[PDB]
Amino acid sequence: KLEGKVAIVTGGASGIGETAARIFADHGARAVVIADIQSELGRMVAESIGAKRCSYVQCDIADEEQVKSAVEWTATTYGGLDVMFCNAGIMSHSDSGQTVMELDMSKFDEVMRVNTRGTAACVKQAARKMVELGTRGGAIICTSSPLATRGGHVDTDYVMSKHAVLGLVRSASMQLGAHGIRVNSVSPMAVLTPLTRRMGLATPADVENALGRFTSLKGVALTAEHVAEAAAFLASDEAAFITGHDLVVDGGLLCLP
């Protein structure tokens, strides 16, 4: 699917991004660059994938200059840039849950900084590099959420940030189609990662107990591989005419708990 492509995975040191980097390489990616802020964790992932197929770059995506450097380093080292997986994202793990009435505006600022400013800087810098290189069939994919299209009972800062990511995806797909660049998102429900266990979901039983009643599809558990497979489809020529689309991977979510 991805033979000969060069991909960057922000947040690739952990969770969904880690699995996505592994799966992109299994799909024949020429090179996968993990861009994260967890240097030793990230280097670990890179060697696990294979030090000759995967590299790590320290990159705080909220700092546009660090994004530009990571993008430039990637294109120079590997001679191209075909896939930007804008995946890094954070939540506030606030004791009072970031409800509207208890909204911690300082914690709100942190979430919006990473999830909207960082994602926007990543889309911008990746687009600029693909255009400069004349990349053909380039793909930019943002990790979203069902909370990009419906409200939350908690984590209001996160909900607003993912709504904003969807607006960015829609706008970028409109503006970058002229260059043949496709911009899409993938919105998974609950994946066991370090993020979801900070919310109190550590085991598949925790997931089913929290969400199963609200999930239409029975008899299958959502894995990080599932999310990576959706993203590899979007990045591949199997999706050559798909842009501006939010690919939802949620088992028919009826509502949040």
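For every residue, the number given is its place in the sequence shown, counted from 1.
A.B. asks: Averaging C-alpha B-factors over each stretch, which comes out higher, 47 to 55 or 222 to 230?
C.D. replies: Per the deposited B-factors, the answer is 47 to 55.
A.B. asks: Can you tell me whether 75 to 83 has a higher mean C-alpha B factor than 144 to 152 in this record, or the other way round?
C.D. replies: Per the PDB entry, the higher value belongs to 75 to 83.
A.B. asks: In terms of recorded Cα temperature factor, pick the maximum from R170, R136, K124, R113.
C.D. replies: Going by the entry's C-alpha B-factors, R136 comes out highest.
A.B. asks: Splitting the chain's C-alpha B-factors into thirds, which one does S185 fall into?
C.D. replies: According to the entry, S185 has a C-alpha B-factor in the chain's lowest third.
A.B. asks: If you rank every modelled residue in this chain by C-alpha B factor, which third holds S92: lowest, middle or highest?
C.D. replies: For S92, whose C-alpha B-factor we compare with every modelled residue in the chain, the answer is the middle third.
A.B. asks: Give the position of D109 by CA B-factor within its chain, expressed as the lowest, middle or highest third.
C.D. replies: CA B-factor rank for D109: middle third.
A.B. asks: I23's Cα B-factor: lowest, middle or highest third of the chain?
C.D. replies: Tercile = middle for this residue's CA B-factor.
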